[PDB]
Amino acid sequence: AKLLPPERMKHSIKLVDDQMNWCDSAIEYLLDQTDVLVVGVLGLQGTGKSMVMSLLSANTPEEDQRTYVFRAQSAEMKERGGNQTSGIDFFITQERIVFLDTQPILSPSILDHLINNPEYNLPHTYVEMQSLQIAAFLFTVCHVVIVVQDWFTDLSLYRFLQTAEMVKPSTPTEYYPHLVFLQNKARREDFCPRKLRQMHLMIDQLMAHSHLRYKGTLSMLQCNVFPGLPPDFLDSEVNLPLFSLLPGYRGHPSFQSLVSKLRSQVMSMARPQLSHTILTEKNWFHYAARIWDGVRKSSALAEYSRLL
Amino acid sequence: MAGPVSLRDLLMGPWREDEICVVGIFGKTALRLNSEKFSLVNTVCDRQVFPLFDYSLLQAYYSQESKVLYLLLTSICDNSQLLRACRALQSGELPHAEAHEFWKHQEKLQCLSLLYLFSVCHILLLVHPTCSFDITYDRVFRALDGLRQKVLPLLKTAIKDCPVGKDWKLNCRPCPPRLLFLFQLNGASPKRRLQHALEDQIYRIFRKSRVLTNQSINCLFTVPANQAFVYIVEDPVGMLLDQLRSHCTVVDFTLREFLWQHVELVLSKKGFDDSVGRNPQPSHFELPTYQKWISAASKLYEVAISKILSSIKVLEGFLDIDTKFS
Amino acid sequence: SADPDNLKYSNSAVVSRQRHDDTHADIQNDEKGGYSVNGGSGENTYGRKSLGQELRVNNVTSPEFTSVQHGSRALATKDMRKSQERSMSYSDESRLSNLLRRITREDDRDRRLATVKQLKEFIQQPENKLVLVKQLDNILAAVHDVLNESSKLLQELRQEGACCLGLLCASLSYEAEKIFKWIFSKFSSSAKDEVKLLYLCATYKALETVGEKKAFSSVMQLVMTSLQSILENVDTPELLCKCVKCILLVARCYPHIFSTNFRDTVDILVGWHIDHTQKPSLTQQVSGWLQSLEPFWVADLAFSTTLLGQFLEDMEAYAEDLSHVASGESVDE
Ligand SMILES: Nc1nc2c(ncn2[C@@H]2O[C@H](COP(=O)(O)OP(=O)(O)OP(=O)(O)O)[C@@H](O)[C@H]2O)c(=O)[nH]1
Ligand SMILES: [Mg+2]
Numbered sequence: 169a170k171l172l173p174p175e176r177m178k179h180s181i182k183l184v185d186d187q188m189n190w191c192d193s194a195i196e197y198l199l200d201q202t203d204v205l206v207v208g209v210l211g212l213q214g215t216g217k218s219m220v221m222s223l224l225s226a227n228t229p230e231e232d233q234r235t236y237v238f239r240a241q242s243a244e245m246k247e248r249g250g251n252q253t254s255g256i257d258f259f260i261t262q263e264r265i266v267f268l269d270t271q272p273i274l275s276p277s278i279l280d281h282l283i284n285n291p292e293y294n295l296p297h298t299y300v301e302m303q304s305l306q307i308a309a310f311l312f313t314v315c316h317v318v319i320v321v322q323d324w325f326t327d328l329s330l331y332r333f334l335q336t337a338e339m340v341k342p343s344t345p361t362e363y364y365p366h367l368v369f370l371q372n373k374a375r376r377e378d379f380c381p382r383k384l385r386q387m388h389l390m391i392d393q394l395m396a397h398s399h400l401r402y403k404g405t406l407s408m409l410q411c412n413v414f415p416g417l418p419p420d421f422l423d424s425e426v427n428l452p453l454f455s456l457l458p459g460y461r462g463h464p465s466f467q468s469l470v471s472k473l474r475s476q477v478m479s480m481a482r483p484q485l486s487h488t489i490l491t492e493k494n495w496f497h498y499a500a501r502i503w504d505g506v507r508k509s510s511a512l513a514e515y516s517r518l519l
Numbered sequence: 001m002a003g004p005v006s007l008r009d010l011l012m013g041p042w043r044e045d046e047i048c049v050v051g052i053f054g055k056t057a058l059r060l061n062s063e064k065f066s067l068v069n070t071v072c073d074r075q076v077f078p079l080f134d135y136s137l138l139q140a141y142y143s144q145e146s147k148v149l150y151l152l153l154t155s156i157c158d159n160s161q162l163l164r165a166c167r168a169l170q171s172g173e180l181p182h183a184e185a186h187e188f189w190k191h192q193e194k195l196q197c198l199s200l201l202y203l204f205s206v207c208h209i210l211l212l213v214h215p216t217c218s219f220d221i222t223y224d225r226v227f228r229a230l231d232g233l234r235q236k237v238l239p240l241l242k243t244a245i246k247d248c249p250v251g252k253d254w255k256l257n258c259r260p261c262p263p264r265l266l267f268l269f270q271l272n273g274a295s296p297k298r299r300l301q302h303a304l305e306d307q308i309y310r311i312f313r314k315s316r317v318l319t320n321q322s323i324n325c326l327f328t329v330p331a332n333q334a335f336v337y338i339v345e346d347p348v349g350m351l352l353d354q355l356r357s358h359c360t361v406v407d408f409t410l411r412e413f414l415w416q417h418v419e420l421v422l423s424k425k426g427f428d429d430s431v432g433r434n435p436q437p438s439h440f441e442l443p444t445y446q447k448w449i450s451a452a453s454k455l456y457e458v459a460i476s477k478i479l480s481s482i483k484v485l486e487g488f489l490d491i492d493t494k495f496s
Numbered sequence: 036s037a038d039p040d041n042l043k044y061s062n063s064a065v066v067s068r069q070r071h072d073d074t077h078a079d080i081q082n083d084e085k086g087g088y089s090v091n092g093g094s095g096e097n098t099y100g101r102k103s104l105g106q107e108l109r110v111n112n113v114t115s116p117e118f119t120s121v122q123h124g125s126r127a128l129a130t131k132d133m134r135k136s137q138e139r140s141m142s143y144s145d146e147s148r149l150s151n152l153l154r155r156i157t158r159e160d161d162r163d164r165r166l167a168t169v170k171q172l173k174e175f176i177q178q179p180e181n182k183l184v185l186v187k188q189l190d191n192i193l194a195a196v197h198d199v200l201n202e203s204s205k206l207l208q209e210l211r212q213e214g215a216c217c218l219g220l221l222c223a224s225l226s227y228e229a230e231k232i233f234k235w236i237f238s239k240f241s242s243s244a245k246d247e248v249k250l251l252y253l254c255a256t257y258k259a260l261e262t263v264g265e266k267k268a269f270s271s272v273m274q275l276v277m278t279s280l281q282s283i284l285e286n287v288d289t290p291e292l293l294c295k296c297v298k299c300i301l302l303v304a305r306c307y308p309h310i311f312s313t314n315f316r317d318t319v320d321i322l323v324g325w326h327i328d329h330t331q332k333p334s335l336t337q338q339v340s341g342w343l344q345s346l347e348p349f350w351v352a353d354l355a356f357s358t359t360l361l362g363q364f365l366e367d368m369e370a371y372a373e374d375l376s377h378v379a380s381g382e383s384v385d386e
């Protein structure tokens, strides 16, 4: 009964420190399995990129926020800005699914911390480098990139993702992960057929030339009798006597149902092979650390910093 | 009787002077029935000016009961014109390079239309329904000083024969426009503190990025007053469905005080002397009139919408970094 | 005793002396002479201290009338009179005889300020009057609650605040139609004369607002059909006269209260459609839409059994445009 000893986590683990420093505290929870899913999330300051990871990896929609693996925003929202997720965290669900809730790319809280206290000329051109370093590390290492967005069609996000691909260090065919566009805090409008078609058209025209698998295996789980009207793509929206006890017309699927149907997709996401080998959960950490050193001291960023 | 149009508004030859005070309205908005800028225009003047139901279609509207000329910009950053852009780019206008150049041209037209607000305006109201200061605007505001300076003589040489006055022709604008950012709420006394936090964050950002200098810079500080409003969490058709549930059974300014606290400094000629650093205190109120303002804006639009201005777009080098990197 | 009086002149001794108030005579004027001299922070404490020591029949109320030096020095002190009159409850000095005229003088001066002195010096007056009745007080109040406030520069909630005065005071004086008569005598004069002017529009809207401020309370008598003439003489000076695109908000609200007293018996309702059917001329203002749709509800309440034809047919593409984001106008439509 001892030949099958499992291992689980309780809270997140930060690979990249607050000052962008790699950590070796995740190997303790790693194993020698081959098929290891690695889903990362990128988004704005208050785009809600950790609550999604928490509800997808271990937690559920019906559970206290303090119990979430990744700390959410409870009292920091009302206070000065946000950015409670300093660095890239780490968590491997019982299903061996690695989760990476990075910091908010292009966040004002990080800029304020930098201004109040680094090898650059201005802190504003530095918060954009950390964002690029995290976007390139989330593309060369992760199998899925959950691009969370508080509000829909942030042209800055679509123009930044296309800039993170340019920094993606290839030659370890170029490995390009998927792209799940989560519309966190979605209103009743986002769940309309016309709104769905408009969103698909907009995200297909903005990401028309990305080379990233942003379309194909999403947005067709919980809807009406609707056949595929638009060129469907990866887009999963997440909302925010007896007659008298009728709940109001939410207009969107239940939060629990959407969380479940998104977790099922994330777990079922295609897990293509890594750069050049299987890179088991143990080899992966030895493959994501080298990528971190190669991107933090890469020529792509060294040249992009001068253009800023 | 006022028509929400800018191109037709400037092409005029009633309310002549009016001691108007123009207010620019730009920023990003989400896909909704009523745009954020339209809702702001409707709530400010206390009337539904824009009744609900790939260019920068800048439209103006004058309020006789308030003497305010709201100029709202439809920059590509907005998701209303971006939808039409992606629709026209889907069926018939493009390769990767051509699409990138199209997006770059759209962003350049947006920056041009925005410089038309930082050049002829008094107050400015941003729109970002996230409650988080978009750092990108920094690189945009740092990309407008270049155009506001290099394209400065190109604008002075086109507004000389205008009754705007001496200071307006000197600095090319009626007065330093005050930025009053306006963010919408999504999840949340609690808002009173968030406003001050965002104000401090924006101040620190613009001070560390040189976006808010101690002189006649493109923007202003607004230290005494407040320049960070937070909208309450209505817009779509859900009030009727929420009224069915009821029919079957049977401090903290709001879009007027937060904006009037700054509009009075221009309507009363108080000015925008909110400067720090023991400077010379250059504060030219320059309270314009509808006739003079239209006379100036006609030339400003004819020059920017551009003989040499069209050749200054390459002088930015702050938003097309992707092209140079590639 | 007398020592705490001097100690009340830091705040430690003042607080220690404030406890003796729950138990002399020289302390009555002490707070009135100290609260009006010290800062604003340590003013309400003193104002409330002496309000629990004695009956203060004529000692406390004496120097309060002589507080014309400053506004706050008078408001805080008159708060003492209010509290003592609300605490006595035995009808010795509380809304009393000719002495009470002092407070009337106060009411005659509270209009000079921004109505801050009226926030409390008018709300407790009707409650202080429990046995003795007075009707001239209503007229002396309305002389400024609607004239000075008509152009007091917002001057927005002061009208509603003073409305409660007549509500709590107009219960008596069955023959209260004299106020309406005096407000409507110059009503038609200012309506028909002379031309489109700001002063005119202002006084007209003020008189109209008074028409409802006073009507809200006058429901007792009679009404021997005089309300029909009121409706006619309120509709005539606004339907054809202006005709100026002024603020019809109160102009549209006046007929509301005017007709709210007749259910079905009889009226000239035929002459009401043009009054209401002609008001829907887009598009101003957001509050004007509600103030005009409410007359629609009033007319529908008067069309119990005799109305039909073009009335409803005019609801095809005319009033359906008031279904926008505005929640108020949404429900009012
Ligand atoms: N994403 C999301 N957030 C919500 C929702 N409802 C309330 N919130 C609040 O919005 C905040 C943002 O969510 P998070 O994902 O936890 O934020 P985060 O991942 O820490 O990202 P940062 O703001 O950069 O720290 C949370 O702290 C919640 O308190 C919701 O439906 N979706
Ligand atoms: Mg987080």
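Residue numbers (full-length UniProt numbering), protein chains in the order written: chain A, 169 to 285, 291 to 345, 361 to 428, 452 to 519; chain B, 1 to 13, 41 to 80, 134 to 173, 180 to 274, 295 to 339, 345 to 361, 406 to 460, 476 to 496; chain C, 36 to 44, 61 to 74, 77 to 386. Every residue gets a Cβ at the ideal spot worked out from N, C-alpha and C, and that includes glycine.
- Within 7 Å of the CB of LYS483 (chain B), no CB atom of chain A is found; the nearest one sits about 17 Å away.
- Under DSSP, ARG264 (chain B) forms a beta bridge with B:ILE209.
- The beta-carbon separation of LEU153 (chain B) and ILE52 (chain B), rounded to 7 Å, stays under the 8 Å limit for a contact.
- Of the candidates C:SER140, C:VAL113, C:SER142, C:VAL113 places its Cα closest to the Cα of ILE156 (chain C).
- Annotated three-state conformation of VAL66 (chain C) is helix, per DSSP.
- Around the beta carbon of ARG8 (chain B), fewer than 16 other beta carbons lie within 10 angstroms, which makes this residue exposed.
- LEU394 (chain A) is a Cβ neighbour of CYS166 (chain B), given a cutoff of 8 Å.
- Proximity of the beta carbon of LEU428 (chain A) to ligand 1 is indicated: a heavy atom of the ligand is located closer than 7 Å.
- For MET350 (chain B), the chain C residues whose Cβ falls inside 7 Å of its Cβ are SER380, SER383, in order along the chain.
- In this structure, the straight-line span from the alpha carbon of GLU174 (chain C) to that of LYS424 (chain B) is close to 38 Å.
- Remark: the shortest separation between the CB of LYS217 (chain A) and any heavy atom of ligand 2 falls under 7 Å.
- Within the chosen limit of 7 Å, ligand 2 reaches the beta carbon of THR253 (chain A) through at least one heavy atom.
- When Cβ-Cβ separations below 8 Å define contact, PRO41 (chain B) makes no contact with chain C.
- Close partners of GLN212 (chain C) in chain B (Cβ separation under 7 Å) are lacking, with about 18 Å as the shortest Cβ gap.
- Closest in C-alpha terms to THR98 (chain C), from the list C:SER120, C:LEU280, C:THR130, C:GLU213, comes C:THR130.
- Around the Cβ of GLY219 (chain C), a 10 Å sphere holds 16 or more other Cβ atoms; the residue is buried.
- Closer than 8 Å to the CB of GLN170 (chain B) there is not a single CB belonging to chain C.
- Ligand 1 approaches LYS373 (chain A) closely enough that one of its heavy atoms is under 7 Å from the residue's Cβ.
- Counting the other CB atoms within 10 Å of its CB gives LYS341 (chain A) a total of 16 or more, which places it among the buried residues.
- Sequence-distant partners of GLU84 (chain C) (beyond 5 residues in either direction) whose C-beta falls short of 7 Å from its own C-beta, in its chain, are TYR99, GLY100, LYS102, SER103.
- Not one heavy atom of ligand 1 is found less than 7 Å from the C-beta of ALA57 (chain B).
- Contact between the stretch 50-64 of chain B and the stretch 324-331 of chain A is present: three or more C-beta pairs spanning the two stretches fall below 8 Å.
- Taking the CA atoms as reference points, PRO4 (chain B) sits about 24 Å from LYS194 (chain B).
- Relative to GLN274 (chain C), the option among C:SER224, C:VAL303, C:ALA64, C:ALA259 whose CA is nearest is C:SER224.
- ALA240 (chain A) has its CB nearer than 7 Å to a heavy atom of ligand 1.
- Closer than 8 Å to the CB of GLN344 (chain C) there is not a single CB belonging to chain B.
- Taking the Cβ atoms as the reference, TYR331 (chain A) lies roughly 14 Å from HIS399 (chain A), outside the contact range of under 8 Å.
- Within the stretch 382-408 of chain A, those residues whose Cβ lies closer than 9 Å to any Cβ of chain B are, in chain order, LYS383, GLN386, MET387, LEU389, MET390, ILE391, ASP392, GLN393, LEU394, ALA396, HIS397.
- The C-beta of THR216 (chain B) has 16 or more other C-beta atoms within 10 Å across all chains shown, which makes the residue buried.
- Contact annotation for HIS182 (chain B) against chain A: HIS397 [CB-CB distance below 7 Å, chain order].
- Contact between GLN306 (chain A) and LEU512 (chain A) holds, since their C-beta atoms are separated by about 7 Å, short of 8 Å.
- Under the three-pair Cβ rule at 8 Å, the stretch 465-484 of chain A counts as touching the stretch 400-416 of chain A.
- For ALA396 (chain A) against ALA183 (chain B), the beta-carbon gap comes to about 12 Å, at or over 8 Å, which does not count as contact.
- Relative to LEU284 (chain C), the option among C:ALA268, C:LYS298, C:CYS299 whose CA is nearest is C:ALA268.
- Within 10 angstroms of the beta-carbon of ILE195 (chain A) lie fewer than 16 other beta-carbons, which makes it exposed.
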